[PDB]
2 protein chains.
Amino acid sequence: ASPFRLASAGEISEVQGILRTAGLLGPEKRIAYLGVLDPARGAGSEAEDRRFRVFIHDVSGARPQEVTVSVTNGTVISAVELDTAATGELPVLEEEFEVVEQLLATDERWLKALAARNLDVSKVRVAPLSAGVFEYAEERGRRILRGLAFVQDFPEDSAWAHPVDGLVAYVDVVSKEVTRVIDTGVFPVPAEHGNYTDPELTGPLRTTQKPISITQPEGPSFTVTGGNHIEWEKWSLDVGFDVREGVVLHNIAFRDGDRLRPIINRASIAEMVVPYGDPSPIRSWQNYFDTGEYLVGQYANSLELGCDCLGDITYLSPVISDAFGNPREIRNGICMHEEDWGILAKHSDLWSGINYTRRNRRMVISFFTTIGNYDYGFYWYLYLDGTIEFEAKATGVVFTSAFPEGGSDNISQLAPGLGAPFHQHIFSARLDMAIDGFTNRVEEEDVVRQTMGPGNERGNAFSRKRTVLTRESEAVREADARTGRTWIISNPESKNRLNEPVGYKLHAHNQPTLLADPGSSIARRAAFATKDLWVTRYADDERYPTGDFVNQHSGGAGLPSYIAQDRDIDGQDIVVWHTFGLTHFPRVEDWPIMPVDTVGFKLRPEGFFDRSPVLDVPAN
Amino acid sequence: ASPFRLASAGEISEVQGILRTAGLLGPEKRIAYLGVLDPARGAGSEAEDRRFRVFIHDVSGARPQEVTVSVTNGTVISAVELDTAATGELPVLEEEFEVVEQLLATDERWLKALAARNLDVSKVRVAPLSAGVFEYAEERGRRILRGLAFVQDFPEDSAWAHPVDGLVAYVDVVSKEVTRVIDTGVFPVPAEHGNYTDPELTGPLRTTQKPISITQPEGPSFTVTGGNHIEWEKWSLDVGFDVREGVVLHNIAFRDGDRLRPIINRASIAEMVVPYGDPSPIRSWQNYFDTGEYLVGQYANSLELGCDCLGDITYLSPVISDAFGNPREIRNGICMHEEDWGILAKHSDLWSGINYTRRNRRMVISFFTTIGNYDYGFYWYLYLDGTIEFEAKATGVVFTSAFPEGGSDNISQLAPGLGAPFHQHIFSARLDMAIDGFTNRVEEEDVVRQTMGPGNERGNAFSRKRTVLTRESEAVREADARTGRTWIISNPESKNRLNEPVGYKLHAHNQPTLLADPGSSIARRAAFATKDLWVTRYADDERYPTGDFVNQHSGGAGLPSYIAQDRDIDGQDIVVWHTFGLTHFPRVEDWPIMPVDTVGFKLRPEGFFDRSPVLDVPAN
Ligand SMILES: [Cu+2]
Ligand SMILES: [Cu+2]
Ligand code: NA
Ligand code: NA
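Residues numbered from 1 in each chain as written, not as in the entry; some residues may be left out. Chains lettered and ligands numbered in written order. Heavy atoms only, no water.

- This entry lists X-ray crystallography as its structure determination method and reports a resolution of 1.6310 Å.

So, in structure tokens, the structure goes:
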């Protein structure tokens, strides 16, 4: 009965039926996005009204539509025609990816370029990539993908080992036209294979690894009710899934004695951008908005027991829509389990003679997505002591190019003639905060160094300072690792037993933010990525830091437009947006398949509790 | 037969006999430090000579001595008398701790201060703390401890809940005189108890945690030979133990095909300092050098199976000397085990149809120490992919004070009337590098942003730059998180298959360094803590960043004096010293016993291998 339950196959089928009945889903229509809307602000509100948001593409070239449907009542609530040259194109459809290689295989400019390189078109794979917004006026209002070529020597070959540099093509996937083919010159195609299951490359497999067996003889310590409501070691939350954002956590709360205390109303990764730093015209347009352009939940993997998730695993299998409105199950797409996490607290006291040790554990909620060559794991952790942490795991195969004779300032060499362009992987976490309720504020905390002198005669004192962010115009903040800068989200109307406002402290990793020139297309489209922390006043329609329609959309939407409203955020319903990412200069060890690298953030209680919340953990 | 084997009980007994017969270990003598010396540099050192270094204290006031003995030959190699006003006092003896409380209990000034506060002297515990060097000219050349008082209401009570503020005493522990008693005023003694095993405070214990069973049905994947030589998943190393430094790793190497390739010759935590930032004269002198002043190895815990170390555990039980030269075993003082570490690499490839997942593992070497109220865990990790990581875990009970009426800029409130002064925990890792051999150099790597313009028309390019550190005077470096600064240790004479020098990259956490005023006593004595990275030329006698005799040394010893030699470090035998630490503003949740917080660093291969080193890991 919970309003936060996962979408069911029947709900998606019913949305299909409602759209069909309304005349909105004829044979020329495709569903590019479908997802459940969260309840509006208001305790109780409608007893039950499940509403869905749909983006509807038209393959004949007519204008697309944004539609909201009530599956409970069987009604279309609103339907608006979109002017995509103004507000952005819809997300890329899975069926449009296949179009690109097929169209290029019959284009005489493409065939001439491959013939000049002595390449067989039947062996050339084309990576179909999002287009962005650059200097090509004919692309405005059209759905464009750009293609880069790789050779596959045989059907099981890793094409990523054999980039065809100097060549790029642009394709209109609705009119099925190749608009431009650009050939800047022949580069040798790197010849070494990158087949990481070939015994010639792996050598004999290790025989030295003995098994590690992780079991839970009495089952796990968490309970799952209503399909997706979790209770674990005083935590309470609902696990959602959205085709765009992937796993979404709702209603994160902590049972403190007899009271369920809210902490975070909604937590998600609301965008992720992968900008490339190679100025070659073959790749200087290359920027993936995996969330906003491709929809990461759509490409979620089925996770295999014992390989992907080890231990006593509970799975969720979320349902999404295909392009025609039929439900599709992602079997075993979300893994949930608890993990031992070392020592929690320990002290051996000389004076009392008491020796005390307790162990920690964490609850893990994770999913993995694959987008072309890259594979990303998204991990949410809850700890016994009240800490909440997010970790992204990046692996897969690095995107390759030729390595130029004479070297490069923007490309790493991985193998003879094989390069890997520099790039970043930058995430935006949207944290709809609810620390003890919705009246919240953000303070920036810096360490304060003090000068030796009166009142500090030995020059040892140091302190800290907290600055309240009171309006959106002052709530765009940068990291400062040297001064230990953190941000505290507090509730000024809820005090702990020492009469201090309860709070949580956000600890960032302080990695570099977006490196592109501030005047670049990517800096305008991914403005969120240029600053570490943004705070906005909550609003129903302010969902993504890049806006609703990211594909081929110029600047003008998203966080810079939201904060211009300069709303009061001092003791209000607020949303924290945290930018964090990895800057990747590829190394030889990343080839031919990359070991996991990680980045994340965490939030720790800061006077939220009246004392340690884990004094009641037993010894076992 | 290995020169790097742990010291045995028999070796320590031989040292005792040698000292005794040489007349160096009379009844007035105490051993303040005893440890084995590493072999001198020599790629052909065959004749085994086990040598021990000893610091001998004299309780009657005679000059202490530094002695080197050969246990192989049964001889005293050298014995030097020390002038401690010049070169520093010897480490604090465990037996001097109790002397402070006993001497104060009969001092009329101390008793009068307690009587004014209505405190029973039999209930007053005194923390005996290191003195440092401040304004008191009468302390130069004398062994001083300073004492702070806490009330224990009953024998099993946590005295840390009841600090007696406004009172401090100084004690000469050799002449057994109380030199000063300072009473700055009466503060209420906080009355709430902090007994974290009292059911009245814990409440009923949780019944919700179900067991997690971690077993290795075929045994562990590592082997231990010669007592302390580890082989695990291509790694090879020796696990040493020193009473000052604790666990020391020797001869870290990686078996790459047919070659055993050195990486690090010796890795240790060579100092750790805990400076306090409260300007009250009761505490403004307070700075713990846990390694240099107290010796963290001698307070190592015996680690309990299933509580401290969980899984299939292999223990080492190192032997140390007591104050009279008798061997003392620290039973189960070092835990060794391997742990599952999630996904190592993963890719699902559309074009080849191959789905690939591999799991990661790490080898863990750990010990725990207790120094008064604090407990520290030291963890070294080796990963399958060549990564080396260190993690310190801080827990225990925070050091307390009164919380002043009207508040404080330098103390947190934990409970009614109970404060916790601000402080840091700063570590120095000493990494005697040996990347493919001893000819190494360090480069500083910064991200480079590029401006939009010719050759970068779309404003997307970015790059990096590397600066070689060529002499010690230019090898004192600061972090810069904003530019992604890392340091690369490479061997300019050993190239990978792409003809680039092999290297390892040091990734710091970029936490704040020492906050004290640069003119302060602590900044002079802990100068290492003021900068993130130091590089020196290797020398046999440059062991600790703070010098050999840290206790009551006036300042400048260790790294500032080593660096002043300005030696060539460009392609030489070099040592990297990395400073890293936690800045602790105590929170309510840290009381009455603190959940673990962590800090560390890691090193990752950077073109050390010719491709990923984990292609031969099986699916399992
Ligand atoms: Cu990358
Ligand atoms: Cu601390
Ligand atoms: Na909110
Ligand atoms: Na070295």
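Some remarks on the pattern of salt bridges
All names here are of chain A.
Right, so step 1: Taken as a whole, this structure holds 107 salt bridges over all chains when the rule is applied.
Right, so step 2: As a salt-bridge pair, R5 and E48 come within 2.5 Å of each other at their nearest N and O atoms. With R5 in the segment before α1 (9–21) and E48 in the loop between β1 (29–36) and β2 (51–58), the pair connects residues that are 43 residues apart, well separated along the chain.
Right, so step 3: A relative accessible area of 22% means that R5 is categorised as partly exposed. (Salt bridge = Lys/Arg side-chain N within 4 Å of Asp/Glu carboxyl O. Helix = DSSP H or I, 4+ residues; strand = E, 2+ residues; numbered from the N terminus. Buried < 20%, exposed > 50% of the residue type's maximum accessible area, 1.4 Å probe, protein only.)

Some remarks on the relation of the copies chain A and chain B
Right, so step 1: Rotating chain A by 180° and translating it 0.0 Å along the rotation axis places it on chain B, where the RMSD comes to 0.4 Å. On this basis, the relationship between the two copies can be described by a two-fold rotation axis. Ranked by how close their C-alpha atoms come to the rotation axis, the residues of chain A are headed by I214(A), at 2.4 Å.
Right, so step 2: Of the interface residues in chain A, 100% have counterparts in chain B that sit at the interface too, so the contact is made through matching surfaces. (Least-squares fit on C-alpha atoms. Contact = heavy atoms within 4.5 Å.)

Digging into helix α4 (residues 108–116) of chain B
Since one α-helical turn is 3.6 residues long, residues separated by three or four positions face the same way.
All names here are of chain B.
Right, so step 1: Every buried residue belonging to α4 is among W110, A113 and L114, and all of these are buried. Mapping the buried residues of α4 onto a view down its axis gives an arc of 95°, with all of them on the same face. Residues of α4 that are exposed and point more than 90 degrees away from the buried face comprise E108, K112 and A116.
Right, so step 2: Of the surrounding secondary structure, the elements contacted by the buried residues of α4 are α3 (94–104), β5 (124–130), β6 (144–151), β7 (167–172) and β8 (177–183).
Right, so step 3: Its side-chain oxygen 2.9 Å from the backbone nitrogen of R109, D107 forms the N-cap of α4.
Right, so step 4: Positioned one or two residues after α4, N118 has a phi angle of 60°, which is positive. (Arc of directions from axis to C-beta. Polar contact = N/O pair within 3.5 Å; in protein donor to acceptor, adjacent residues only side chain to side chain.)

Remarks on the domain arrangement of chain A
All names here are of chain A.
Right, so step 1: When its domains are assigned, chain A resolves into domain 1 (1–87), domain 2 (94–195) and domain 3 (196–619).
Right, so step 2: One C-alpha centre belongs to domain 1, the other to domain 3; they are set 29 Å apart.
Right, so step 3: If you look at the interface, domain 1 gives 25 residues, while domain 3 gives 33 residues.
Right, so step 4: With both sides pooled, the region where domain 1 packs onto domain 3 buries about 2400 Å², and carbon together with sulfur makes up 54% of that total.
Right, so step 5: Among the residues of domain 1 in contact with domain 3, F4, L6 and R41 are the three that bury the most area, contributing 29% of the side total.
Right, so step 6: Across the contact surface, domain 1 and domain 3 share four salt bridges. (Domains from an automatic or database assignment. Buried area = accessible area lost by both parts, 1.4 Å probe.)

Examining the coordination of the sodium ion (ligand 4)
Residues and elements named next belong to chain B.
Right, so step 1: For the sodium ion (ligand 4), the protein coordination sphere consists of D432 (OD), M433 (O), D573 (OD) and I574 (O), at 2.4 to 2.5 Å.
Right, so step 2: Mapping the donors of the sodium ion (ligand 4) onto the primary sequence gives the spacing D-M-x139-D-I. Of this pair, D432 sits in strand β26 (residues 423–433) while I574 sits in strand β33 (residues 574–584), and the two are 142 residues apart along the sequence.
Right, so step 3: For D432, a relative accessible area of 1% corresponds to the buried category. (Donors = N, O, S within 2.8 Å, 3.2 Å for Na, K, Ca; no water.)

Here we look at the interface of chain A and chain B
Right, so step 1: Listed per partner, the contact involves 149 residues of chain A and 153 residues of chain B.
Right, so step 2: Summed over both partners, the interface of chain A with chain B buries about 13100 Å², with 52% contributed by carbon and sulfur atoms.
Right, so step 3: Per-residue buried area on chain A facing chain B is highest for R206(A), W351(A) and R458(A); these three make up 8% of the total on that side.
Right, so step 4: On the surface where chain A and chain B come into contact, there are 15 salt bridges.
Right, so step 5: The shortest N-O distance in the salt bridge between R482(B) and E478(A) comes to 2.9 Å.
Right, so step 6: Taken together, the connections running from chain A to chain B amount to 84 residue pairs in polar contact.
Right, so step 7: With 10 residues, the single largest contributor to the side of chain A that touches chain B is strand β19 (residues 334–348) of chain A.
Right, so step 8: Of the residues in the side of chain A that touches chain B, the class split is 66 nonpolar, 45 polar and 38 charged. (Nonpolar A, V, L, I, M, F, W, Y, C, P; charged D, E, K, R; others polar.)

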